[PDB]
There are 2 protein chains.
Amino acid sequence: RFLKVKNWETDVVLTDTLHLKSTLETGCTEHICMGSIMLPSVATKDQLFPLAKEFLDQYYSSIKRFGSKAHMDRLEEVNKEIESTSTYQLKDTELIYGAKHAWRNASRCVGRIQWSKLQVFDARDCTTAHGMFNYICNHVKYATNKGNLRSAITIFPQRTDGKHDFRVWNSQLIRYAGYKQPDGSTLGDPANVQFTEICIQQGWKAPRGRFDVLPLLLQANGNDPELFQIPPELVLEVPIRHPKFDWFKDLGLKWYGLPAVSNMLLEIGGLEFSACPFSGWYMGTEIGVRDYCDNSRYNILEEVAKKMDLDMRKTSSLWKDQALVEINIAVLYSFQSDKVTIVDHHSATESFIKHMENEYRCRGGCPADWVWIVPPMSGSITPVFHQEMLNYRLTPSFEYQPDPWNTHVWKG
Amino acid sequence: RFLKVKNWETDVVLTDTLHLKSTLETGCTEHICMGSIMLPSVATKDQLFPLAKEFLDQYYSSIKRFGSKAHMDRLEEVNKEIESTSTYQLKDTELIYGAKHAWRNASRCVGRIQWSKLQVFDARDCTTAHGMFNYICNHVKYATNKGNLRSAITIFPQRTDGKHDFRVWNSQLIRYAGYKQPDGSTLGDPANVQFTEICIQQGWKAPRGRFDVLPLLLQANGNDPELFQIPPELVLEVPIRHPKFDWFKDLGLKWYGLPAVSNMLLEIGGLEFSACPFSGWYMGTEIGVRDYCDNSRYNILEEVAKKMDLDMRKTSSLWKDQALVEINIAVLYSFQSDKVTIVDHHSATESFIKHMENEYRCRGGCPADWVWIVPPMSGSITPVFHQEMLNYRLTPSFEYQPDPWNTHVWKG
Ligand code: HEM
Ligand code: HEM
Ligand SMILES: Cc1cc(N)nc2cc(-c3ccc(CN)cc3O)c(F)cc12
Ligand SMILES: Cc1cc(N)nc2cc(-c3ccc(CN)cc3O)c(F)cc12
Ligand SMILES: C[C@H](O)[C@H](O)[C@H]1CNc2nc(N)[nH]c(=O)c2N1
Ligand SMILES: C[C@H](O)[C@H](O)[C@H]1CNc2nc(N)[nH]c(=O)c2N1
Ligand SMILES: [Zn+2]
């Protein structure tokens, strides 16, 4: 009822009572743990008021006005609108709070120390794909800030019936294209091969190369989605060089500066915002470890080992590890030498322990997913490897949602 | 009821029904996941027969003689002895099966592909600490095999009342001593500083240096424990050199060849073997990452960075990662160049995926702890990082148990 999490590198103990406020299910049971499952798993007017009530109760209990006059009137105000319209609308202030807390509660996010410095763009007045394009361009511009990156989210109209959903079909506003070849192999980013072919299917003219920035596929009010090309002046790219190995430029790699996920659902007081792209800045390992070295991604460990004069015969020469560190030194150096915001996994994971300490004190806990918080390289030399973490689902929250092309009743 | 685990680097799917046989609790609930908690948490004659029955039912269902003549008579035989003595004794064959399956079910073990090749030493006729010493010496000798290491376990008499417990007080048969200094800092292994001082308290004469092999503290039949020094000819050590950096010998490091954990409890058909040291061989990262580079262990990343000509000012130079790979190339090379069995974390984690495939087919599942299976360096370039894993508690099993000095009613 008052659970303890320990750090085993520092012997520091924190006490979690925030998990008592938790509401949703985790997938684990008393007899099975599913903490390594990647994705474990239309609303009515009945379930909607407890969700509004619960949300409004914590919003007013956060501006030091819990149960007060304005809280009880807002409670009644929302109840009235949920009777009237079987839904309701959030105040601008409630939308900013909810969004910030969906990030605050993202247990898989190592970057949450910044959760309160989040710029919320209210795009709930949007109606067309072009409007979405415009809103997304201002999001990208703003969040990029000429390389001094700034956290932001853009919130398109909430789901209503379910057939009039706003969706960004891209998993991220800025992704490189992936193209399969005659010999089967993949140019560009293999992760996006399916989406890259959907864009061609909708009329995209592919410059079938490596780091081709994909177009946006924006669906408005449940209408069929439409392609828009982000002006390349808004797409900030960092070419990757090493601070020792001058052959590293010959590798000819680069990555975009702005990680901006667009395929997730924002949940606030029972309301579902099916299109809510949010962006921060990269932790280096996302690019250099996962993007560049996953077998099913850019898979460059082959070449980087070669040009380093590496023992590639034996598995036990650790040529894979050795090339992996060099790649991440290079990504970090390249981003910093261009004044493009980036964080290394030591600084990011120390920041998170520090953030974890703040939440357990002023909030009673911090939902955290160890499987996702520990970086994908050098796990145990970072402080989070040794940090016991309680995972649990608080709301407001970001939730996974299916790709739109599996669910969208087409017509055109 | 028939849960699916996915690999996301290979898209391979397996179906787990073995978890249905699971019995014990995990610590997780429907509303909280505790998969990153390190340690989540006298018997009677009532609970003992379901446990015997369940065990015997799976033992005879494994020699293709389930429910047959000899099974029903053994069932009755054990029932009779549990009425008579309120406990029972395992057959030699049942002890070997149970031990092998406690390993097979160790969800935190990446080395389980070898689970059936386990040499079981029956030491249930032991009565004195000297006998335990003798048994442990033969275990170490046998398992070391002049560097061609072999898996083994030695099983001392099962718990009876609880005040007559056999215990090895060492957490591992072979550990280096840790000594605190006048200036507070630690010579040797900081993990063992408390145990090293207990040995001095019991009369150990410390050669207060670095890699001093600790003595054995053996408790027999609940009597106060007694010190014995393993003959150094039985303690096989590998001095660590690099296959490039000749200053690596100047580091003057070495590690023992034989990982042999002795502080855990083996549970077989409700019987509790409080002293059951088991040994395999090292996966390289246990030594080079955790033993050598944990902050609260040997903590050598300082020196290894130095002698490499490394940028140690900035955190983001990844000097910690770069020195970490070199250390693990060296440990692997040093062990292999001495024909001492060792496995690198790429070969070990590939073997485990292969093992995972075997268990899901011929057994319906493989309980696995992702938090512990993924190696502590280069997580995502190993196949297990991308492997969803179901964790659940099967029996027979190895369980954690408190250190004896917190629980043992002394007298001498
Ligand atoms: C400020 C800089 C940020 C950093 C350094 C950061 C870092 C990370 C990393 C490394 C992950 C793991 C994802 C992966 O491995 O692919 C992650 C996940 C996540 N982040 Fe953060 N992030 C940042 C900003 C944000 C913002 C601004 C939001 C929302 C407003 C956010 C919400 C999330 C969510 C919801 C997830 C997990 C979603 C899932 O289940 O996959 N993050 N973050
Ligand atoms: C054959 C070579 C073996 C290898 C390469 C291996 C590898 C490993 C590794 C890397 C761990 C993680 C422990 C840590 O990180 O400190 C582990 C845990 C474990 N191993 Fe294996 N092991 C081997 C043999 C065995 C044997 C022979 C047994 C038992 C008969 C065994 C039972 C266990 C158990 C019970 C744990 C986890 C205990 C806990 O909860 O901490 N292993 N193994
Ligand atoms: C906001 C933010 C910043 C950052 N620096 N990185 C992120 C990474 C993700 C992510 C990507 C892909 C997948 C699935 N492979 C899961 C994720 O959580 C995300 F949603 C948001 C991120
Ligand atoms: C049998 C075997 C082989 C190996 N190569 N390594 C092991 C490591 C451990 C271990 C050590 C310490 C701790 C706690 N820090 C937990 C463990 O599981 C173990 F029990 C058995 C091992
Ligand atoms: C199977 C496993 O759950 C899956 O590979 C997860 C593991 N942890 C991760 N952690 C992060 N940060 N990002 C990921 O994509 C993953 N993938
Ligand atoms: C807090 C966390 O549970 C703890 O550090 C665990 C993480 N995973 C581990 N994995 C292995 N193999 N060995 C360990 O000691 C640990 N420690
Ligand atoms: Zn769990």
Side-chain angles (χ1 to χ4, degrees), chain A residues 8 38-40 99-115 117-120 143 149-155 171-172 175 191 257-266 276-287 289-291 294 297 341-345 347-349 351-352 369 371-376 386 396-400, chain B residues 8 38-39 103 106 108-112 114 118 143 149 151-153 171-172 175 191 257-264 277-287 290-291 294 297 341-343 348 369 372 380 398 400:
Chain A
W8 295 88
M38 179 102 68
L39 334 155
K100 275 179 193 200
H101 276 77
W103 181 9
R104 201 193 183 171
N105 300 335
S107 56
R108 293 186 170 168
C109 185
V110 63
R112 284 180 285 169
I113 196 205
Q114 288 272 23
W115 72 269
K117 291 211 136 181
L118 179 70
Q119 187 52 42
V120 187
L149 270 42
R150 295 184 291 197
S151 308
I153 181 175
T154 295
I155 308 192
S171 42
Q172 298 177 25
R175 309 229 62 182
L258 188 72
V261 150
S262 47
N263 54 5
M264 292 192 63
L265 178 127
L266 168 57
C276 55
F278 47 95
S279 57
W281 47 84
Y282 270 114
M283 186 174 70
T285 56
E286 305 181 77
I287 307 165
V289 179
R290 311 302 308 294
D291 290 321
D294 273 7
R297 298 293 295 290
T341 308
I342 199 181
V343 59
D344 69 72
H345 52 289
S347 192
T349 58
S351 84
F352 182 72
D369 192 325
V371 173
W372 285 66
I373 297 287
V374 168
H386 311 284
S397 65
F398 297 98
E399 307 297 357
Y400 270 113
Chain B
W8 295 88
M38 179 102 68
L39 334 155
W103 181 9
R108 293 186 170 168
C109 185
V110 63
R112 284 180 285 169
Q114 288 272 23
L118 179 70
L149 270 42
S151 308
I153 181 175
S171 42
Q172 298 177 25
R175 309 229 62 182
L258 188 72
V261 150
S262 47
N263 54 5
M264 292 192 63
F278 47 95
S279 57
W281 47 84
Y282 270 114
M283 186 174 70
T285 56
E286 305 181 77
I287 307 165
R290 311 302 308 294
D291 290 321
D294 273 7
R297 298 293 295 290
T341 308
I342 199 181
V343 59
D369 192 325
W372 285 66
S380 51
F398 297 98
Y400 270 113

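Chain naming here is simple, since letters A, B, ... match the order of the sequence lines and numbering starts at 1 in each. When a ligand or atom number is given, it counts from 1 through the structure's own listing order. Values reported hereafter were calculated over all heavy atoms of this structure, with side chains retained and with hydrogens, waters and symmetry mates removed.
Looking from atom 41 (O) of ligand 1 to the surrounding protein, the closest heavy atom is A:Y400 OH, 2.7 Å. The protein heavy-atom contact nearest to atom 38 (C) of ligand 1 is A:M264 SD, 3.7 Å. Closest to atom 19 (C) of ligand 3 among all protein heavy atoms lies A:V261 CG2, 3.2 Å. Nearest to atom 1 (C) of ligand 3 among the protein's heavy atoms is A:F278 CD1, 3.6 Å. Looking only at heavy atoms of the protein, atom 26 (C) of ligand 1 is closest to A:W103 CE2, 3.3 Å. Given atom 32 (C) of ligand 1, the protein heavy atom at minimum distance is A:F278 CE1, 3.6 Å. In terms of protein heavy atoms, atom 11 (C) of ligand 1 is closest to A:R108 O, 3.9 Å.
Shown here, atom 6 (N) of ligand 3 is in close reach of the protein: a heavy atom of it lies under 4.0 Å off.
Below 3.5 Å of separation, one finds no N or O of B:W372 facing any N or O of ligand 4. For a threshold of 3.5 Å applied to N or O pairs, the pair formed by A:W372 and ligand 1 contains no separation below that value. The shortest N or O to N or O distance between A:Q172 and ligand 3 is not under 3.5 Å.
Heavy-atom contacts of A:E286 reach the following atoms of ligand 1: 10 (C) (cutoff under 4.0 Å). The A:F398 neighbourhood of ligand 1 comprises atoms 29 (C), 30 (C), 35 (C), with distances under 4.0 Å to a heavy atom of that residue. In summary, the atoms of ligand 3 found under 4.0 Å from a heavy atom of A:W281, numbered by their order in the structure, are 4 (C), 5 (N). Atoms of ligand 3 found under 4.0 Å from any heavy atom of A:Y400 (numbered from 1 in listed order, with element): 13 (C), 14 (C), 16 (C). Every atom of ligand 3 with a heavy atom of A:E286 under 4.0 Å away is listed here by number and element: 4 (C), 5 (N), 6 (N), 7 (C), 8 (C). When each atom of ligand 1 is checked for a heavy atom of A:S151 under 4.0 Å away, the hits are 1 (C). The distance from ligand 3 to the heavy atoms of A:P259 drops below 4.0 Å at these ligand atoms: 3 (C), 4 (C), 5 (N).
The shell of residues lying under 4.0 angstrom from ligand 1, judged by heavy atoms, excludes A:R112. For the ligand labelled ligand 1, residue A:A348 lies outside the 4.0 Å heavy-atom shell. Note on ligand 1: A:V110 sits in its first shell, one or more heavy atoms being nearer than 4.0 Å. Under the 4.0 angstrom criterion for non-hydrogen atoms, A:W115 is not in contact with ligand 1. The shortest separation from a heavy atom of A:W8 to ligand 4 is not under 4.0 Å, leaving the residue out of contact.
Annotation for A:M38 and A:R108: closest pair O-NH2, 2.9 Å, computed over non-hydrogen atoms. The heavy-atom pair separating A:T349 from A:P375 by the smallest distance is CG2-CG, 3.5 Å. Listed here is the closest heavy atom pair of A:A143 and A:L258: CB-CD1, 3.9 Å. Annotation for A:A99 and A:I155: closest pair CB-CD1, 4.0 Å, computed over non-hydrogen atoms. Listed here is the closest heavy atom pair of B:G257 and B:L149: O-CD2, 3.2 Å. Across every non-hydrogen atom of A:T285 and A:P376, the tightest pair is OG1-CD, 3.4 Å.
By the criterion of a heavy-atom distance under 4.0 Å, neither the backbone nor the side chain of A:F398 is placed next to ligand 3. By the criterion of a heavy-atom distance under 4.0 Å, both the backbone and the side chain of A:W281 are placed next to ligand 1. Using a 4.0 Å cut-off between heavy atoms, A:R108 makes no contact with ligand 3 at all. Of all the heavy atoms of A:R290, none lies under 4.0 Å from any atom of ligand 1, so neither backbone nor side chain is involved.
For atom 21 (Fe) of ligand 1, the choice among A:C109, A:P376, A:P259, A:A106 with the nearest heavy atom turns out to be A:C109. Across A:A260, A:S279, A:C276, A:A152, heavy-atom proximity to atom 27 (C) of ligand 1 is greatest for A:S279.
With A:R112 contributing its side chain and A:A106 its backbone, the two residues share a donor-acceptor pair below 3.5 Å. At least one donor-acceptor pair closer than 3.5 Å links the side chain of A:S262 to the backbone N or O of A:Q172.
Ring geometry for A:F278 versus A:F398: interplanar angle of 30 to 60°, hence tilted.
Here CG of A:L265 is found 8.0 Å from OG of A:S397. Values are rounded to the nearest 0.5 Å. Distance OG/A:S279 to CD/A:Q119: 10.5 Å, rounded to 0.5 Å. The line from CE of A:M264 to CD1 of A:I153 is 10.0 Å long, rounded to the nearest 0.5 Å.
A:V343 is not listed as a side-chain neighbour of A:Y282, based on a closest heavy-atom distance of 4.5 Å or more. The shortest distance between side-chain heavy atoms of B:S380 and A:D294 falls below 4.5 Å. Two residues are said to be in side-chain contact when any heavy atoms from C-beta on lie closer than 4.5 Å; A:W281 and A:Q114 meet this criterion. In this structure, the side chains of A:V110 and A:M283 come closer than 4.5 Å at one or more pairs of heavy atoms. The shortest side-chain heavy-atom distance between B:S151 and B:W103 falls under the 4.5 Å cut-off.
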